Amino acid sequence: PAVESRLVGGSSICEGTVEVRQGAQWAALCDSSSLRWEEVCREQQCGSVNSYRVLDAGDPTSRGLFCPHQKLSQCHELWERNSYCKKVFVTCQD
């Protein structure tokens, strides 16, 4: 099963916090380079990434899933980061 991604919480599907899933519940993606965000925008069938900002630094309760490989499309398995997950807000063009 490929990793799927999606932008949650934005005023359209072209913007929002990145969420991912494999055989899964959806969970936030943790990150720490525009390569990955461009794939995420285009998989939504939006335009190219135009900006992103790291969210939730320093919050021990922030959790999600993590992929130790530049691109999502090259992850065979996501790993849990159950605290201090830095999430990502991506904004794509329409």
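Residue numbers here begin at 1 and follow the sequence given.
Chemist: According to the entry, are there none, 1 to 3, 4 to 9, or 10 or more residues of the deposited sequence without coordinates between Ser32 and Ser33?
Modeler: Count of unmodelled residues in between: 4 to 9.
Chemist: Select between 18 to 26 and 72 to 80 the stretch whose C-alpha atoms have the higher average B-factor in the entry.
Modeler: Taking the mean C-alpha B-factor of 18 to 26 and of 72 to 80, the larger value falls to 72 to 80.
Chemist: Mean C-alpha B-factor higher for 36 to 44, or for 62 to 70?
Modeler: Comparing averages over the C-alpha atoms only gives 62 to 70.
Chemist: Per the entry, which of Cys92, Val88, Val8, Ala2 tops the list for Cα B factor?
Modeler: Checking the PDB record, the top C-alpha B-factor among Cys92, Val88, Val8, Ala2 is at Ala2.
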